[PDB]
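Labels run A, B, C, D and E following the written order; every chain starts at residue 1.
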Amino acid sequence: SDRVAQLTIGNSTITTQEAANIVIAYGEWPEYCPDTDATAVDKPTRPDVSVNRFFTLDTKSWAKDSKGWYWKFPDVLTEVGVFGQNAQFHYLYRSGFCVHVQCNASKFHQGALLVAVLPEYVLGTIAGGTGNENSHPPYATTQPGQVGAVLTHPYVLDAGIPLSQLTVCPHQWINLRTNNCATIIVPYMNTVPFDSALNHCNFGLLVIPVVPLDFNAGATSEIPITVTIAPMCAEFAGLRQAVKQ
Amino acid sequence: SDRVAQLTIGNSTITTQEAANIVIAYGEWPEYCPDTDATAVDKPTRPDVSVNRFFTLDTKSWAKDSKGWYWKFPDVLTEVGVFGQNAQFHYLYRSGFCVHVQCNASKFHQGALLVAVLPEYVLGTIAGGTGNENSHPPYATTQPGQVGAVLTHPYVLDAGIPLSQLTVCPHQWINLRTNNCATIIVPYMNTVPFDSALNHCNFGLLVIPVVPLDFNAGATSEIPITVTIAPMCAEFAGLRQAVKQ
Amino acid sequence: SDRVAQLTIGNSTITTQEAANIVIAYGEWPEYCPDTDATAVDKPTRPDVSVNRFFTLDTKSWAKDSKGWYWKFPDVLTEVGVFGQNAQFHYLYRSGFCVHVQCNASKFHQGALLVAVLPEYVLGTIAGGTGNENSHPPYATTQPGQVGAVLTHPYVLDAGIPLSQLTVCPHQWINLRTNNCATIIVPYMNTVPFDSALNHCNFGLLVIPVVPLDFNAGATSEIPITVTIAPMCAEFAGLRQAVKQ
Amino acid sequence: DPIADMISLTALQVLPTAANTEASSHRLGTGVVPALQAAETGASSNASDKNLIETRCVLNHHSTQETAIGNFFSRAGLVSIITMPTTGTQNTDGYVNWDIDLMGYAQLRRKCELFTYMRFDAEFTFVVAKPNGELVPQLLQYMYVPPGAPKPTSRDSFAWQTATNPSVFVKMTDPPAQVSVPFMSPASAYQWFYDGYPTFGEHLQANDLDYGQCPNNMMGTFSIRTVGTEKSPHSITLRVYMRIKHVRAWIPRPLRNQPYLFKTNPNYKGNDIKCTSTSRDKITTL
Amino acid sequence: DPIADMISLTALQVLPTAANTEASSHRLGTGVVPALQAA
């Protein structure tokens, strides 16, 4: 009654028999932009079921020495399904998201993944090691797309901030002996009512193994981690020709 | 509250801590024959507790290459306890049945048994292989008695009919990872209100491994399947001397 | 709702996720001595939280050939914390006890411990083997202190009485496949309202492996048994200088 | 109020007869399982005949009165044999002092040790005769000497003046003397088991015989003599019987399963530990 | 009385037409799982 759950939206349904509740980021549900906050005057387009449905991105392999991964929203979907198309044809965009990270093992495996949502996840470089080089992250690192990227220094989240404090953000743990997934519902967060789905990532999703994976030789060693996400209340405005970036 | 269960009838009680509900064949409970349907005029004898109790027949051994088994009712009990005696001394007989097939393994074994009740289970032969010989099943095959018989071609139920459609009959599955038994309550089914317990088998019970048994070397390999049955509302009429067949 | 439990008393809390209920010896809760039963006239001292709290004694190691152990109350605590101090400074003492024996293994280990409370547990000797020597147990055996002692003939509880009948006393079983602890709440039992905590042990606690511990080579072999106890409603009277025995 | 912090699930029933049996039929369902139990809880099974089988109705009128502890104990039993020979090793002085201890005979002892604490009054009967069972015209005196009172040292000791102690004068030819005795312990009940020591101090092996001795059970001395300044020519055997009455018992315990060796403790013959039950060859054959 | 011991969950319906389909929206919650079954 708290470990079992079903998420149905659009023409997609997700099930799980070993959940650990669901988190509503900052206690707020996604919602279309009201007339008091809106500023752009054109009537928005709200595709509904064609874009607010679950999308499953590539799977990652959890190894005994994995550092962790991260994805950026809405970057991950800017080129997938009808959502991507609306994101490319419109200047303005806004929406919430239902993030469902999946990972199952056996009652003999062990390990804990911290799944968190960090809004405005700005990355930094190691500054040439010495700190005298003012280098910057490449486009491929700031917006890794659907494939996601790997963290090089998880301890400081590749941004000079302690991973030990990441729990101050909406999050769940996927502790193999307890649950096999994490679910976080994220509302739209920005200083503006709508924004470019191409030039700005509202938040990043981080999956980091704080407690390394471990198992005895002989047990299945391919332990994948899959990410399935669903836009919620997706709105679009400022229609024109398609633009990829 | 659905996995645990107790069946008490007569001086016998069955328990199970891993059930999957109970099936009432065609949604009907067994019942004595009413005066509107009856035709024979003599007062029936209804022994009650001496015949409506649980009887445990021989156990079978589930192997990785077992084809499946079948039993016929009331043939299986025509020579057991006070039930058998009443079946032999009386011309007419009728009753329902509570079938409880048992089979437990470990959380490391796997396999699925389909337990079904097929009324009027008429067997056929392979017709000499070529199909030019109009051969017929021996008495030992049509009425195997308490020991039950083995299927030679489970795929066609030894009767030219697809096993894939057997689920259209009252049935349960014994899937080792889920439950360790199957229970089916069967009402009397015939074109006549009473019949000979010797010359006519109202239905056959089929236990067929649709998903083969499997386990790693080192795990217990003797996985038995036991059949326990109980007549319900057994009635008898047309008393005379005992007749075995 | 019966397997999970929390015991909080004083500044200590015990938790367990695999219990088997709790036993209230002889159906009575501990209670301070009422004015009708009391005989000593001085006002008692009832320290409350400093003495009615959980105390954890040394741990024992359960081996495949262990005979069993026993402790005596209040002897086990006469030299621990503020309870011991009150027991030494006062002539008179009385109290109840909450006994919590702990022992966890794995779903692959097996064995059953009988945990019982035997009031007025008087020990006997083997009488020199032949029975012609009227020998007596040494002080170290009758009052083993906090370390507890080992039984030499568990079958007769080292007192000429059958272990098979010990269940006639308040008790619980710690059967590894079922639970990992035992809890017994014991009220004060004596022929006098108060008594010397030094010269008289009101009851003894017995932990005996009736079903030997067993496991396959490779599984953890260090299976400890810990005893945690808490005085309840401890009262003291007849204050004077400290006396150890 | 300046300081806030400063502010039995069992009852008796009268069951004169055994429980009746209600008629039951067959039960075929899930969720409910009376046959399954969890002995680990420490509770006995609550399953009854009707839960496991189909039962008929039985109006059971079988009485439960004979198993009341009162009828179990209120039957006089031997607790002491006091002999007073004329020639030999024992007291040929015509008087005997016996320290009261009822643990000298097995039958009665095993029954009492079924409980930890017992409170009761008692009826003592004194059957006296010669060693061969014959009877002669001999006058005897039985005296109860409570702890602290002077024990007679001879047949003419002043103590026999019995000005305060209770005495019984009777002939060997009279019927057995008989008297009632109250509950005399300083404690609220006698205890057959006392896991402790009588006094404080170090408990060296030299004084380990103190272990288990509780003065609350020591009722004193029972003195007996032949009434006369001259020696009697008759040997005397006194058999003492006790009958418990107005009894109350607390805390049942396992029943003795090894022969008794001594009055004052539970010591058993270590080289010969008897099994509570007889044995057989295989577990699969009677 | 001297001796005490001596004392269909399916109905037809008329379905002339196929079941209609009711409009439904998204369901996001725990405890409830219609997709999971036990054949």
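One rule holds in what follows: contacts are C-beta pairs under 8 Å (C-beta built on N, C-alpha and C of every residue); 3 or more make two chains touch, one makes a residue touch a chain.
Chemist: Which chains end up together, and which apart, when chain D is taken out?
Modeler: A, B, E | C
Chemist: Measuring centre to centre, with centres taken as mean CA positions, what chain is farthest from chain D?
Modeler: Centre of mass proxy via C-alpha means gives A as farthest from chain D.
Chemist: I'd like to verify one number: the distance from the centre of chain B to the centre of chain C, where each centre is the average of its C-alpha atoms, in whole angstrom.
Modeler: 55
Chemist: So, what's the distance in Å between the C-alpha centres of chain E and chain A?
Modeler: So the centre of chain A lies 39 Å away from the centre of chain E.
Chemist: Would you mind listing the residues of chain A that make contact with two or more other chains?
Modeler: none
Chemist: According to the definition already given, which pairs of chains are in contact?
Modeler: A-E, B-D, B-E, C-D, D-E
Chemist: Hey, which residues of chain E end up touching chain A in the complex?
Modeler: 26-36
Chemist: If we count contacts the way the header does, which residues on chain A are in touch with chain E in the complex?
Modeler: So the residues of chain A touching chain E come out as 1-10, 13, 15, 17, 19, 21-22, 52, 98, 185.
Chemist: Residue numbers of chain E touching chain D in their complex, please.
Modeler: 3-5, 7
Chemist: Of all residues in chain D, which touch chain C in the complex?
Modeler: 8-10, 38-43, 116-117, 185, 187-191, 193-205, 208-209, 211-212, 216, 250-258, 261-262, 265-273, 276
Chemist: Please name which positions on chain C make contact with chain D in the complex.
Modeler: Touch list, chain C to chain D: 20-21, 23-24, 26-29, 72, 118-131, 134-139, 142, 153, 155-157, 159-175, 178-179, 184, 189, 191-192, 196, 198-204, 243, 245.
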